[PDB]
Amino acid sequence: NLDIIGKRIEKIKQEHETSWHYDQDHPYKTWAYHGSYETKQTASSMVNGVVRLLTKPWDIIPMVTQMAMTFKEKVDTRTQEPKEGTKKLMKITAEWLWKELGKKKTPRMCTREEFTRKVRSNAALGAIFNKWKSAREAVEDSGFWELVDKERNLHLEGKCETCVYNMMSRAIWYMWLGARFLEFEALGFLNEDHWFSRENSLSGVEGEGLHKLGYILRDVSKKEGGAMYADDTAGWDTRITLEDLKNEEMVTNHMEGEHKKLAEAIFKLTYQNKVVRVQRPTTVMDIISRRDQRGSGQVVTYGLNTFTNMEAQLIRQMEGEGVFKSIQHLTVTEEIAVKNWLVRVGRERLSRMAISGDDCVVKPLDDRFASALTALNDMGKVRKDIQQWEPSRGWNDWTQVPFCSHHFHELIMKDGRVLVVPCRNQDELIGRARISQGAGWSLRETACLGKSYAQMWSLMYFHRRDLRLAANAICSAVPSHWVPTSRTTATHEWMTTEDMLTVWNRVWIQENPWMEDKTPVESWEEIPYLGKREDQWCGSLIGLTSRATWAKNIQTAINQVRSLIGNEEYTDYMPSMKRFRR
Ligand SMILES: Cc1ccc(CCNc2ccccc2)cn1
Ligand SMILES: [Zn+2]
Ligand SMILES: [Zn+2]
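Residues numbered from 1 in each chain as written, not as in the entry; some residues may be left out. Chains lettered and ligands numbered in written order. Heavy atoms only, no water. Residues with missing side-chain atoms left out of burial classes, pairs and counts.

Its PDB header attributes the entry to X-ray crystallography and lists the resolution as 1.86 Å.

The PDB entry lists the protein under the name Genome polyprotein, with dengue virus type 2 as the source organism.

This is the structure:
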């Protein structure tokens, strides 16, 4: 308690000595509440006019138009301490899983240099504005780094002063850039050296890319076993127990020297104890603390979520195989048997899973997994939208399984080669491309974001008739040489000015390890669509009057956006399609 957080609290109290007050009508039950002080401030989603003017039929689809308008009663919940049998299962599995991840990897500190290059090329590192303006500025000023140095030597002492969370089914805890550096210094290796790559972790898909996920699920399908299970957790970050935070910290057991102590301090002082500032309109700033739940860099969050999810799903698999009888208490011979299962089949059981943070797909040995619920519920990883003790509904077809907001189609090219393509409801795809985050967008920057979406659609969603046409129209309407941009940057092969047919050939043919014949595709017309009926099932407007008029008159929409942008160099991409090829 206050021995570890007091200093951080004491320091904030002093910066607001003219305001401090222990409010008696504080809404916190599960969060500890320490006091309040005076503030006054708020970021809404804006429409991209380039994308909207080239997708007119969707102006009347409420699923699209509603996305652009606009649970903190889940963060103030509490999760029970697992039973002893659960606690033992988790420690043994965690110990074994860190060893496995570490067999071909070396933990190591990430560098000021590495950190600097990151900020000088926009990765969403969730920092805050206030002594400097942008993050780009603070990284060049050597004053900053003295602040970093001060805190860093404080962490080696086992104390913390400036590492304080700022809270904003989503909640994003920004820290000041310096606190983000110290987190990145200690744990960045997990992301930077790909600890959750499929090759290294067997279950993971870090760095895989949307054009690989389908092929990965198809490979899991090829295993002998039961249904494929894809249970989402209800508010995963709110269900991370102090016992989970402690099993995560065991990665420090693989470290040394300074690194080991820096990592230990990040775990002890920012993860297993937290200080947070929250806005309350009643607008003051509440300073509250707690020990448990997830609150870290969104990137260290991803990796530790993958880790703990891998762990939970191996244990749920153990329960289905009757490796242990009861979560109440493991016997001495039950521990040997758990350890022995891990040594004997653990790697095989990891390969039976695709895990992306809180998202999983499991193909267990058989369907006993479906009703193996005691460990999963006792770890606090309670399934969304099913009664606590109701058996999981499995999927019988890998092409129906949900994963990372997608499903996957098998699509046979006119030459017999097999593409596995990602897909989702086209209303979702169009509604997201029509949205921009932030203010101060020039027409030119708005147009280059539109173009990033168009090139993504050409690479990932080429098989959707409406998105290949809209993508061709956007790339026709935006100057040929203007570079695609994004403000909150998987593998993003569409972020390039290279020819999209050439990138398609690289991604789907040349670099695709599931394609034996490497014959390049010579034109876009060799590249197939879904069946007409499947395209409509997944949200196509093909067959509507509105869509027929849009398609037929597309050159008039393209010309409207060209006229707005002005007299620039443009390419006509519409003759890459058969119907416009005269
Ligand atoms: C470029 C293009 C493609 C298809 C169509 C017609 C789709 N009609 C249909 C009927 C019943 C089930 C599914 C589709 C029009 N334009
Ligand atoms: Zn600190
Ligand atoms: Zn689909």
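Core analysis: the largest hydrophobic core is formed by 82 residues, its most contacted members being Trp98, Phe115 and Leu187. Once you skip the residues sitting within four places of it in the chain, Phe115 turns out to touch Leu125, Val139, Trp145, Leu177, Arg180, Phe181 and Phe184. The next biggest cluster of nonpolar side chains, apart from the first, holds 71 residues, and it includes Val50, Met413, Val421 and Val478. (Core = buried A, V, L, I, M, F, W, Y, C linked by side-chain atoms within 4.5 Å. Buried < 20%, exposed > 50% of the residue type's maximum accessible area, 1.4 Å probe, protein only. Contact = heavy atoms within 4.5 Å.)

At their nearest, the axes of helix 8 (residues 177-187) and helix 13 (residues 257-271) sit 8 Å apart, and the two run at 130° to each other. Taken together, the axes of helix 8 and helix 13 lie oblique to each other. Crossing geometry of helix 8 relative to helix 13 is assigned as left-handed. Residues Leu182, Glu183, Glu185, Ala186 and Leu187 of helix 8 touch helix 13, and the partners they reach there are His259, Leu262, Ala263, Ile266, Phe267 and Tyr271. (Axes fitted to C-alpha atoms, helices over the stretch in contact; angles between N-to-C directions. Helix = DSSP H or I, 4+ residues; strand = E, 2+ residues; numbered from the N terminus. Parallel < 35°, antiparallel > 145°, perpendicular 65-115°, else oblique. Left-handed = near helix turned anticlockwise from the far one by under 90°.)

Turning our eyes to something else, we now look at the sheet that holds strand 4 (residues 173-174). Strand order across the open sheet formed by five strands is 1-6-5-3-4, with mixed pairing between neighbours. This sheet does not close on itself; its edge strands, each paired only once, are strand 1 (32-35) and strand 4. Alignment of strand 1 against strand 6 (residues 284-290), held across three bridges, turns out to be antiparallel. Directly across from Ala32, in strand 6, lies its bridge partner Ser289. Its contacts with the sheet place helix 1 (residues 2-15) against strand 1, strand 5 (274-280) and strand 6, and it is angled at close to 35° to strand 5. (Pairing = 2+ DSSP bridges.)

What follows covers the site of ligand 1. In the vicinity of ligand 1, the contacting residues are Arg465, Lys532, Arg533 and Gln536. Taken by itself ligand 1 offers 410 Å² of open surface, and the protein chains cover 55% of this. Per element, the largest residue contribution to the shell around ligand 1 is three residues, and it comes from helix 21 (residues 532-537). Residue classes in the shell around ligand 1 are distributed as no nonpolar, one polar and three charged. (Near = heavy atom within 4 Å. Areas by Shrake-Rupley, 256 points an atom, 1.4 Å probe, with all protein chains shown as cover. Nonpolar A, V, L, I, M, F, W, Y, C, P; charged D, E, K, R; others polar.)

The next point concerns the packing of helix 5 (residues 112-119) against helix 8. The geometry of helix 5 relative to helix 8 is characterised by a closest axis approach of 10 Å and an angle of 125° between their N-to-C directions. By the angle class used here, helix 5 and helix 8 are oblique. When the axes of helix 5 and helix 8 are compared, the crossing they make is right-handed. When helix 5 is examined against helix 8, the residues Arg112, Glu114, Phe115 and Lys118 are found in contact with a partner set consisting of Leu177, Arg180, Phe181 and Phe184. Residues that form the contact of helix 5 with helix 8 fall into these classes: four nonpolar, no polar and four charged.

Turning to the coordination of the zinc ion (ligand 2), a few remarks are in order. Ideal values for angles at a metal depend on the geometry: 109.5 degrees with four tetrahedral donors, 90 or 180 degrees with six octahedral donors. Distances from the zinc ion (ligand 2) to its protein donors, namely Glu151 (OE), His155 (NE2), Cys160 (SG) and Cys163 (SG), fall within the range 2.1 to 2.3 Å. For the zinc ion (ligand 2), the four donor atoms in the first shell make angles of 77 to 119° at the metal, so the coordination geometry reads as irregular. The sequence pattern formed by the donor residues of the zinc ion (ligand 2) is E-x3-H-x4-C-x2-C. On the accessibility criterion, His155 (3% relative accessible area) is buried. (Donors = N, O, S within 2.8 Å, 3.2 Å for Na, K, Ca; no water. Tetrahedral: all angles 85-135°; square planar, octahedral: opposite > 155°, others 65-115°.)

This brings us to helix 17 (residues 426-433). The element helix 17 is extensively covered by neighbouring structure, given that six of its eight residues are classed as buried. Restricting attention to buried positions, one finds in helix 17 the residues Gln426, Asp427, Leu429, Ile430, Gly431 and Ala433. Where helix 17 is buried, its residues meet helix 2 (49-53), helix 3 (62-65), strand 11 (435-437), helix 18 (443-460), helix 19 (465-477) and helix 21. N-cap assignment for helix 17: the residue whose side-chain oxygen lies 2.9 Å from the backbone N of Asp427 is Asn425. (Polar contact = N/O pair within 3.5 Å; in protein donor to acceptor, adjacent residues only side chain to side chain.)

Another aspect to go through is the coordination of the zinc ion (ligand 3). Protein coordination of the zinc ion (ligand 3) is provided by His407 (NE2), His409 (NE2), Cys423 (SG) and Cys538 (SG), with donor distances spanning 2.0 to 2.4 Å. Because the angles between the four donor atoms bound to the zinc ion (ligand 3) fall within 104 to 119°, the donor set is best described as tetrahedral. When sorted by exposure, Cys423 lands in the same class as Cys538, which is buried.

Scanning the model with the defined rule gives 21 aromatic pairs in all. A centroid spacing of 5.2 Å and a plane angle of 70° characterise the contact between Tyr22 and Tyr33, whose relative ring orientation is edge-to-face. Taken as a pair, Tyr22 in the loop between helix 1 and strand 1 and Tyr33 in strand 1 lie far apart in primary sequence, 11 residues in all. Taking 5.8 Å as the distance between ring centres and 85° as the angle between the ring planes, the aromatic pair formed by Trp132 and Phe144 counts as edge-to-face. Here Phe144 lies in helix 7 (residues 142-157) and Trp132 lies in the loop between helix 5 and helix 6 (135-138), a separation of 12 residues in the sequence. Sitting over the ring of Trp482, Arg444 keeps its end group 4.2 Å from the ring centre. (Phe/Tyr/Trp six-rings, centres within 6.5 Å; stacked < 30°, edge-to-face > 60°. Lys NZ or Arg CZ within 6 Å of the ring centre and 35° of its normal.)

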